[PDB]
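Asker: I'd like to ask you about the structure that follows.
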Amino acid sequence: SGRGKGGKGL
Amino acid sequence: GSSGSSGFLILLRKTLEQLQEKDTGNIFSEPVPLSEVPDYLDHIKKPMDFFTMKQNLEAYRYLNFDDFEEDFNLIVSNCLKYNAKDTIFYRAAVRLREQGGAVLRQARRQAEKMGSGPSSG
């Protein structure tokens with residue numbers, strides 16, 4: 001989950 | 001509001017209004033909403049936007065075209081530093097980097113023609 005605009009990857 | 005106390009300063013007013021026609025999503029036209037990104041200031045060292053560009057220009061902060069060009073590059077880069085490689089917002093910053101990259105070239109030459117010095121390269 002997550003697609004930019006929240007500081008999260010990997 | 002009012003400004004443009006020199007012929008160089010008047011270029012920047014009309015040029016900033018040309019960069020505003022390179023953002024058709026209004027993604028950079030306004031500041032990033034911290035109410036949905038509270039960590040923006042912990043990841044971005046120098047945050048900027050088109051309203052801050054305008055306010056700095058109306059406050060006589062830009063006396064050379066280099067700074068007016070470099071703060072536009074900063075706004076582009078601050079998107080690329082806080083996004084994923086597949087979003088609308090990422091590609092909207094790539095669009096500014098190309099399309100408004102020409103706007104800064106065509107508008108710099110209106111200062112260089114009266115700043116004098118050497119030519120060619």
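Naming works like this for the structure tokens: A, B, ... for the chains as they're shown, residue 1 at the start of each chain, ligands 1 onward in shown order.
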Find the residues near residue 81 of chain B: any atom within 12 Å, counting only C-alpha atoms, skip ones fewer than 3 places away on the same chain, and give them as an NGL selection string.
Answerer: (:A and (4-8)) or (:B and (40-47 or 74-78 or 84-85 or 89-90 or 93))
Asker: Take the residues that were just selected and, keeping N, CA and C atoms, output them as an mmCIF file, in the first residue's frame.
Answerer:
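As written to disk, again_20.cif reads:
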data_model
loop_
_atom_site.group_PDB
_atom_site.id
_atom_site.type_symbol
_atom_site.label_atom_id
_atom_site.label_comp_id
_atom_site.auth_asym_id
_atom_site.auth_seq_id
_atom_site.Cartn_x
_atom_site.Cartn_y
_atom_site.Cartn_z
ATOM 1 N N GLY A 4 3.074 7.571 -3.028
ATOM 2 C CA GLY A 4 3.565 8.942 -2.810
ATOM 3 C C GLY A 4 2.765 9.715 -1.755
ATOM 4 N N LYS A 5 3.178 10.960 -1.481
ATOM 5 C CA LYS A 5 2.420 11.917 -0.645
ATOM 6 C C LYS A 5 2.138 11.385 0.780
ATOM 7 N N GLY A 6 3.085 10.601 1.318
ATOM 8 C CA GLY A 6 3.068 10.086 2.694
ATOM 9 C C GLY A 6 4.396 9.536 3.240
ATOM 10 N N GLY A 7 5.505 9.643 2.492
ATOM 11 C CA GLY A 7 6.862 9.349 2.990
ATOM 12 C C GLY A 7 7.156 7.866 3.232
ATOM 13 N N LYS A 8 6.549 6.969 2.446
ATOM 14 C CA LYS A 8 6.588 5.509 2.649
ATOM 15 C C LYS A 8 6.901 4.740 1.347
ATOM 16 N N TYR B 40 5.933 16.517 5.755
ATOM 17 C CA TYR B 40 6.520 17.212 4.599
ATOM 18 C C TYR B 40 7.767 18.031 4.979
ATOM 19 N N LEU B 41 7.711 18.723 6.122
ATOM 20 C CA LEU B 41 8.778 19.593 6.633
ATOM 21 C C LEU B 41 9.959 18.816 7.239
ATOM 22 N N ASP B 42 9.746 17.549 7.603
ATOM 23 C CA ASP B 42 10.788 16.629 8.084
ATOM 24 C C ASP B 42 11.537 15.917 6.938
ATOM 25 N N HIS B 43 10.972 15.900 5.726
ATOM 26 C CA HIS B 43 11.584 15.304 4.529
ATOM 27 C C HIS B 43 12.101 16.349 3.511
ATOM 28 N N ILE B 44 11.527 17.560 3.476
ATOM 29 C CA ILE B 44 11.908 18.652 2.563
ATOM 30 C C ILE B 44 12.627 19.761 3.343
ATOM 31 N N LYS B 45 13.900 19.992 3.010
ATOM 32 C CA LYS B 45 14.782 20.941 3.708
ATOM 33 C C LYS B 45 14.445 22.423 3.444
ATOM 34 N N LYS B 46 13.894 22.726 2.263
ATOM 35 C CA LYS B 46 13.584 24.084 1.776
ATOM 36 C C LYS B 46 12.258 24.111 0.971
ATOM 37 N N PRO B 47 11.082 24.042 1.627
ATOM 38 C CA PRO B 47 9.790 23.964 0.945
ATOM 39 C C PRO B 47 9.401 25.316 0.322
ATOM 40 N N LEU B 74 13.865 24.441 -7.425
ATOM 41 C CA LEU B 74 13.618 23.975 -6.056
ATOM 42 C C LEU B 74 12.197 23.406 -5.898
ATOM 43 N N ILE B 75 11.180 24.099 -6.428
ATOM 44 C CA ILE B 75 9.763 23.675 -6.388
ATOM 45 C C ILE B 75 9.548 22.351 -7.130
ATOM 46 N N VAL B 76 10.145 22.206 -8.315
ATOM 47 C CA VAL B 76 10.173 20.933 -9.067
ATOM 48 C C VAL B 76 10.790 19.819 -8.213
ATOM 49 N N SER B 77 12.008 20.035 -7.716
ATOM 50 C CA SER B 77 12.757 19.031 -6.941
ATOM 51 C C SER B 77 12.067 18.613 -5.630
ATOM 52 N N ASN B 78 11.372 19.521 -4.938
ATOM 53 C CA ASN B 78 10.634 19.213 -3.706
ATOM 54 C C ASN B 78 9.446 18.263 -3.924
ATOM 55 N N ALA B 84 6.151 8.810 -5.196
ATOM 56 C CA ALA B 84 6.478 7.532 -5.828
ATOM 57 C C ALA B 84 6.613 7.724 -7.351
ATOM 58 N N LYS B 85 7.417 6.878 -7.995
ATOM 59 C CA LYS B 85 7.854 6.976 -9.406
ATOM 60 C C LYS B 85 6.767 6.692 -10.477
ATOM 61 N N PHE B 89 1.439 13.462 -9.541
ATOM 62 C CA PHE B 89 2.195 14.568 -8.958
ATOM 63 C C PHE B 89 3.666 14.541 -9.379
ATOM 64 N N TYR B 90 4.258 13.344 -9.415
ATOM 65 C CA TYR B 90 5.613 13.111 -9.911
ATOM 66 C C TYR B 90 5.759 13.583 -11.366
ATOM 67 N N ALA B 93 5.539 17.443 -11.937
ATOM 68 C CA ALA B 93 6.832 18.100 -11.707
ATOM 69 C C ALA B 93 7.789 17.921 -12.899
#
Asker: So that I can check the secondary structure, give me every residue of chain B assigned helix (DSSP H, G or I) by backbone DSSP, as a PyMOL selection string.
Answerer: chain B and resi 7-19+40-43+50-58+65-80+88-115
Asker: Would you work out the distance separating atom CA of residue 28 of chain B from atom CA of residue 112 of chain B, expressed in Å to one decimal?
Answerer: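 Separation of atom CA of residue 28 of chain B and atom CA of residue 112 of chain B: 28.0 Å.
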Asker: Could you make a table, as a Markdown table, of the residues of chain B that have an atom within 8 Å of an atom of chain A, each with its nearest atom pair and distance in Å to one decimal, counting only C-alpha atoms, in chain and number order?
Answerer:
| residue | atom | partner | partner_atom | distance |
| --- | --- | --- | --- | --- |
| B:37 | CA | A:6 | CA | 6.1 |
| B:39 | CA | A:7 | CA | 7.4 |
| B:43 | CA | A:7 | CA | 7.8 |
| B:82 | CA | A:5 | CA | 6.2 |
| B:83 | CA | A:4 | CA | 3.9 |
| B:84 | CA | A:4 | CA | 4.4 |
| B:86 | CA | A:3 | CA | 7.7 |
| B:87 | CA | A:3 | CA | 6.8 |
Asker: For atom CA of residue 11 of chain B and atom CA of residue 113 of chain B, quote the distance in Å rounded to one decimal.
Answerer: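 Separating atom CA of residue 11 of chain B from atom CA of residue 113 of chain B is a distance of 12.4 Å.
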Asker: Mind pulling up the distance from atom CA of residue 12 of chain B to atom CA of residue 31 of chain B?
Answerer: 20.3 Å
Asker: Find the spatial neighbours of residue 6 of chain B, counting only C-alpha atoms, within a cut-off of 12 Å - ignore same-chain residues fewer than 5 positions away - and output them as number ranges by chain.
Answerer: B: 11-13, 60, 62-63, 111
